[PDB]
Amino acid sequence: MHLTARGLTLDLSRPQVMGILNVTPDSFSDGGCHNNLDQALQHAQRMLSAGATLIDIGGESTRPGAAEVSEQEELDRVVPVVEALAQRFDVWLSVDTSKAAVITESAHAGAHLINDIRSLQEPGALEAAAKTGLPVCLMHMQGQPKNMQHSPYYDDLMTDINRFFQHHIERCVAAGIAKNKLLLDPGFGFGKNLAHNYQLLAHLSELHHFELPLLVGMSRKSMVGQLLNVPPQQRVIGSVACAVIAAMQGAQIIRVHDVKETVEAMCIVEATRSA
Amino acid sequence: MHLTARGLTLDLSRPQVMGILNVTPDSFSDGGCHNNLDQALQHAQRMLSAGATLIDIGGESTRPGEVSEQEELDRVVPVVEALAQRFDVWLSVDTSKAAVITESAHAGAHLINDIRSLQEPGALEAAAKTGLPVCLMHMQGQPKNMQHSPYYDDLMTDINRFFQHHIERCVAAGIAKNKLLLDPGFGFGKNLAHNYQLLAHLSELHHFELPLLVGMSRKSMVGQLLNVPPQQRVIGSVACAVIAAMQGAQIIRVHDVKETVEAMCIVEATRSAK
Ligand SMILES: Nc1nc2ncc(COP(=O)(O)OP(=O)(O)O)nc2c(=O)[nH]1
Ligand SMILES: Nc1nc2ncc(COP(=O)(O)OP(=O)(O)O)nc2c(=O)[nH]1
Ligand SMILES: Cc1cc(NS(=O)(=O)c2ccc(N)cc2)no1
Ligand SMILES: [Mg+2]
Ligand SMILES: [Mg+2]
């Protein structure tokens, strides 16, 4: 069936591509590329043209060792982009933020989905998200962006992810967010070494037991970089291969920098799965 | 899991990329590109540097819609000779003709890649005298009429029955079973639905306990989905390669080696993570 927000629907029986729109100076792969409004809008339209059905707007880099972004600065980066896109296009608008104020003002500006790598743990974020009535993506992470890659360790990775998701779904529900408004992301690269990342990719389909949509983000990350020994821009193929492996296991939403390639890949996946 | 020819071993616990070297004027995606001797040699080194562990040489386009024995032999043998005397890599010959098989092996080839599964006059015998590994490919019909209404009651049952028949045929001729490789022949007498059924059910073919070779690179099964020209089919072809290798397919025959190798790395990392 379908995920819904504000009269929009999203077909969960086919892989959907979420296009990354970073509005920061220091995002790990494309910082300073889409920093001004006109450039952001052209990039969004390019991604829409290439077949993305969601645009993920993020004004805070959460790469390992990332700097803090002030509340007002994040607002200034994100909200005018949400507003301008909401007025122009028929598409899901996701906001990659952890701040209560950005959640609320983005909702006010016409956003459809709260993509929070911190699973609504920041002060006021859970209450802010609940009041919007919008779907929320919860992401697994060990540590914070400042220390997550300092020796990641698990007795059993999948058990830990399951426990984390169980705990945070309960927390969202008790706050008044209906379970069917939730998405789960196991958080590739977030407190996970290379082995952990590929273990997780190998076992991804096990997460369907929650009966919630899965969103995954592997695009151009170190889990590809470390294997191919190439810079972020040259990780398109590796990233597409990861997306194909994830989608073959029924991951519903794929978060990527390179929309055209991923969409083409997803066509081949859909034709394979429907056969 | 392990394959040896001429003292050179090929690991099959990890996916292997076979690079395509067409030496024809009319191949469906790259006819005329690598026709002269020097460009054939150039293209091979590039593929080698990109990580190909087999080079596949083919002097006859077998696309939907023939070539003389003297015309075919002159295209392949001089190319086989130079590469064998230059590089430490499995050379494969994409041929059906007995003379081509015999003279190619003499020049130093390692593998017989036959889309007709040794069915031409003298081919089975000529291949036996070499002692080399053979790839047997499934095909319904002939390149002249294979794409005229492909039909199967059950696609997979036919492929299995085709392979069973040609394995026995090879063994009876002296070719040891552990020297055989199977290719279900994507795009060869198969429509769009057939090709993707085959891709979806590919892993079922492991029951023969023989290495699988697959070739989907730039084919119409991708073209019909993406509505892009052959050379713009890299991404679709890589996606097919990933799906095949995740299902344990051991050899992948491709035009775009660098891209496929990078994708196979990700596949290998995933598979060996359990
Ligand atoms: N739900 C979800 N959100 C995410 N947001 C940012 C990044 C990192 O990608 P990018 O935005 O290009 O990096 P940066 O954090 O530097 O902006 N990854 C994910 C992810 O895997 N899942
Ligand atoms: N084993 C095997 N051999 C093959 N040889 C040629 C082609 C067609 O590709 P190409 O050689 O690039 O085209 P052409 O026949 O026009 O030379 N496909 C296969 C295949 O799928 N499997
Ligand atoms: C036209 C046309 C269709 C078509 N199909 S195909 O799948 O691309 C194909 C190409 C080469 C070979 N040897 C077999 C099949 N190729 O050209
Ligand atoms: Mg970002
Ligand atoms: Mg050829």
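- The record lists X-ray crystallography as the method behind this PDB entry and 2.1000 Å as its resolution.

### Comments concerning the overall build of chain A
- Scanning chain A from terminus to terminus reveals 9 helices and 10 strands.
- Dimensions of chain A along its principal axes, counting C-alpha atoms only, are 40 × 40 × 40 Å.
- A sequence separation of at least 24 residues applies to 69% of the contacts in chain A between residues at least 6 apart.

### Here we look at the site of ligand 2
Residues and elements named next belong to chain B.
- What surrounds ligand 2 is a group of 17 residues, the closest being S61, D94, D183, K219 and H255.
- Separating an oxygen atom of ligand 2 from a backbone N or O atom of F28 is a distance of 3.0 Å.
- Between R253 and ligand 2, the recorded distance is 3.0 Å, taken from a side-chain N or O atom to an oxygen atom.
- In isolation ligand 2 exposes 490 Å². Once the protein is present, 98% of that is buried.
- Per-class residue counts for the shell around ligand 2 are 5 nonpolar, 7 polar and 5 charged.

### Some words on the UniProt feature "binding site: Mg(2+)" (unreviewed entry) in chain A
Residues and elements named next belong to chain A.
- Under the present numbering, the feature "binding site: Mg(2+)" (unreviewed entry) in UniProt falls on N22.
- Along the chain, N22 turns up in strand 3 (residues 16-22).
- With a relative accessible area of 10%, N22 lands in the buried category.
- With sequence-adjacent residues up to four places away left out, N22 is seen in contact with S27, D30, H34, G58 and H257.

### A look at the sheet that holds strand 5 (residues 92-96) of chain A
All names here are of chain A.
- Reading across the sheet, the 8 strands line up as 8-7-6-5-4-3-10-9 and stay open at both edges, with parallel pairing between neighbours. Of all strands in the sheet, those with a lone pairing partner are strand 8 (182-185) and strand 9 (215-216), marking the two edges.
- The pairing of strand 3 with strand 10 (residues 253-256) spans 4 bridges and is parallel. Bridge pairing links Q16 to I253 in strand 10.
- Contacts from helix 5 (residues 157-174) reach strand 7 (136-139) and strand 8 within the one sheet, and its direction differs from that of strand 7 by about 145 degrees.

### Quick word on the UniProt feature "binding site: Mg(2+)" (unreviewed entry) in chain B
Residue and element names in this part refer to chain B.
- With numbering aligned to this structure, UniProt lists the feature "binding site: Mg(2+)" (unreviewed entry) at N22.
- In this structure, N22 sits in strand 3 (residues 16-22).
- Excluding residues within four positions of it along the chain, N22 makes contact with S27, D30, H34, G58 and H255.

### A few points about the site of ligand 1
Residue and element names in this part refer to chain A.
- Taken together, 17 residues lie near ligand 1, and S27, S61, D96, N115 and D185 sit nearest.
- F28 has a polar backbone atom sitting 2.9 Å from an oxygen atom of ligand 1.
- Taking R255, its side chain carries an N or O atom lying 2.9 Å from an oxygen atom of ligand 1.
- Burial of ligand 1 by the protein chains amounts to 98% of its free accessible area of 480 Å².
- Split into classes, the residues belonging to the shell around ligand 1 amount to 5 nonpolar, 7 polar and 5 charged.

### Remarks on the interface of chain A and chain B
- In this complex, chain A contributes 26 residues to the contact, which on the side of chain B involves 25 residues.
- Summed over both sides, the interface between chain A and chain B buries roughly 2200 Å², with carbon and sulfur atoms accounting for 83% of that surface.
- The interface formed by chain A and chain B holds 0 salt bridges in total.
- At the junction of chain A and chain B, the tally comes to 0 residue pairs in polar contact.

### Here's the deal with the pairing of strand 8 (residues 180-183) of chain B
Residues and elements named next belong to chain B.
- Neither face of strand 8 is exposed, since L180 and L182 on one face and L181 and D183 on the opposite face are all buried.
- Taken together, the 4 bridges between strand 7 (residues 134-137) and strand 8 define a ladder with parallel strand orientation. Bridging across to strand 8, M137 finds its partner in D183.
- The handedness of the strand 7 to strand 8 crossover, carried by helix 5 (residues 155-172), is right-handed.

### Quick word on the packing of helix 9 (residues 259-273) of chain A against helix 6 (residues 192-201) of chain B
- Where helix 9 of chain A meets helix 6 of chain B, the axes come as close as 8 Å, and the angle between the chain directions of the two elements is 85 degrees. One way to sum up the angle between helix 9 of chain A and helix 6 of chain B is to call them roughly perpendicular. Here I268, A271 and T272 of chain A of helix 9 of chain A come into contact with helix 6 of chain B, specifically with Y196, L199 and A200 of chain B.

### A look at the sheet that holds strand 5 (residues 90-94) of chain B
Residue and element names in this part refer to chain B.
- An order of 8-7-6-5-4-3-10-9 is seen for the 8 strands of this open sheet, with the pairing classed as parallel. Two strands lie at the open edges of the sheet, namely strand 8 and strand 9 (213-214), each paired on one side alone.
- In this sheet, strand 4 (residues 54-58) lies alongside strand 3 in parallel orientation, the contact comprising 5 bridges. Considered in strand 4, the bridge of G19 is made with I55.
- Seen against the sheet, helix 1 (residues 37-50) touches strand 3 and strand 4 and runs at an angle of roughly 165 degrees to strand 3.

### Quick word on the side chain of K219 of chain B
All names here are of chain B.
- With respect to the helices, strands and loops of the structure, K219 is situated in the loop between strand 9 and helix 7 (220-226).
- Nearest to the buried, unbridged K219 among oppositely charged side chains is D183, at 6.5 Å.
- A polar contact is formed between the side chain of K219 and the backbone oxygen of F186, at a distance of 2.7 Å.
- Side-chain polar atoms of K219 contact the backbone oxygen of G215, separated by 2.7 Å.

Reading the values: the criteria
- Residues numbered from 1 in each chain as written, not as in the entry; some residues may be left out.
- Chains lettered and ligands numbered in written order.
- Heavy atoms only, no water.
- Residues with missing side-chain atoms left out of burial classes, pairs and counts.
- Helix = DSSP H or I, 4+ residues; strand = E, 2+ residues; numbered from the N terminus.
- Contact = heavy atoms within 4.5 Å.
- Near = heavy atom within 4 Å.
- Polar contact = N/O pair within 3.5 Å; in protein donor to acceptor, adjacent residues only side chain to side chain.
- Areas by Shrake-Rupley, 256 points an atom, 1.4 Å probe, with all protein chains shown as cover.
- Nonpolar A, V, L, I, M, F, W, Y, C, P; charged D, E, K, R; others polar.
- UniProt positions renumbered as here; feature names shortened; annotations may be inferred.
- Buried < 20%, exposed > 50% of the residue type's maximum accessible area, 1.4 Å probe, protein only.
- Pairing = 2+ DSSP bridges.
- Axes fitted to C-alpha atoms, helices over the stretch in contact; angles between N-to-C directions.
- Buried area = accessible area lost by both parts, 1.4 Å probe.
- Salt bridge = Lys/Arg side-chain N within 4 Å of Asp/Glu carboxyl O.
- Right-handed = clockwise from strand over helix to strand, strands pointing away.
- Parallel < 35°, antiparallel > 145°, perpendicular 65-115°, else oblique.
- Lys, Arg positive; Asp, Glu negative; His and termini not counted.

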